[PDB]
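An overview of the molecular structure
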Amino acid sequence: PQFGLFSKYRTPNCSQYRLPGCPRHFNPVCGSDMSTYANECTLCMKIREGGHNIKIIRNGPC
């Protein structure tokens, strides 16, 4: 897999979602910070400093 998940946890790759804002609502991933999310306003907001450096708990549906 990509790097693994045993180091911290498995961190999401938000190298996209590059909107001036955030369209739609959809939450693919699962948050270690107790937030089911995935987008520019959910993670990428969080991830840059909306929460932490997010590690999703689950990389997919929950």
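Chain by chain, residues are numbered from 1 following the written sequence, and this numbering need not agree with the entry; no residue without coordinates is displayed. The basis for the side-chain values is all heavy atoms of the structure; hydrogens and waters are excluded.

Per the deposited record, the coordinates in this entry were obtained by solution NMR.

Remarks on the environment of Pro-28
Counting through the fold element by element, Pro-28 comes out in the segment before strand 1 (30-31). Through-space distance from the C-alpha of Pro-28 to that of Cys-44 is 13 Å; in sequence the pair is 16 residues apart. Not counting residues up to four positions away in its chain, the partners in contact with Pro-28 are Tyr-37, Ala-38, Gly-60 and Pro-61. Under the scheme used here, helices are H or I runs from DSSP no shorter than 4 residues and strands are E runs no shorter than 2 residues, and both carry numbers assigned from the N terminus. Any pair of residues with heavy atoms lying within 4.5 Å of one another is described as a contacting pair.

Side note on the UniProt feature "disulfide bond" in the chain
Only a pair of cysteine sulfur atoms within 2.5 Å counts as a disulfide in this structure description. UniProt positions are given in the numbering used here, feature names are shortened, and annotations may be inferred rather than shown by experiment. Between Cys-22 and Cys-41 the annotated UniProt disulfide holds up in this structure, with the two sulfurs at 2.0 Å. With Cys-22 in the segment before strand 1 and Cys-41 in the loop between strand 1 and helix 1 (43-50), this residue pair connects regions lying 19 residues apart in the sequence. Burial classification: accessible surface area is computed with a 1.4 Å probe over protein chains only, and a residue below 20% of its type maximum counts as buried, one above 50% as exposed, and the rest as partly exposed. Under the relative-accessibility criterion, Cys-41 is labelled partly exposed at 45%. In this model the annotated disulfide between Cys-30 and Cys-62 is intact, with an S-S distance of 2.0 Å against a 2.5 Å threshold. With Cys-30 in strand 1 and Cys-62 in the segment after strand 2 (56-58), the pair connects residues that are 32 residues apart, well separated along the chain. Using a relative accessible area of 2% as the deciding quantity, one classes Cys-30 as buried.

Digging into the state of the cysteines
What the rule picks out here adds up to three disulfides. Paired by a disulfide, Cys-14 and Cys-44 hold their sulfur atoms 2.0 Å apart. Across the disulfide from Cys-14 to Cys-44, rotation about the S-S bond amounts to roughly 115 degrees, and the bridge is consequently right-handed. Residue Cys-14 is found in the segment before strand 1, and its partner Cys-44 is found in helix 1; the two are separated by 30 residues along the sequence. If you count the bonded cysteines of the chain from the N-terminus, they pair up as 1-5, 2-4, 3-6.

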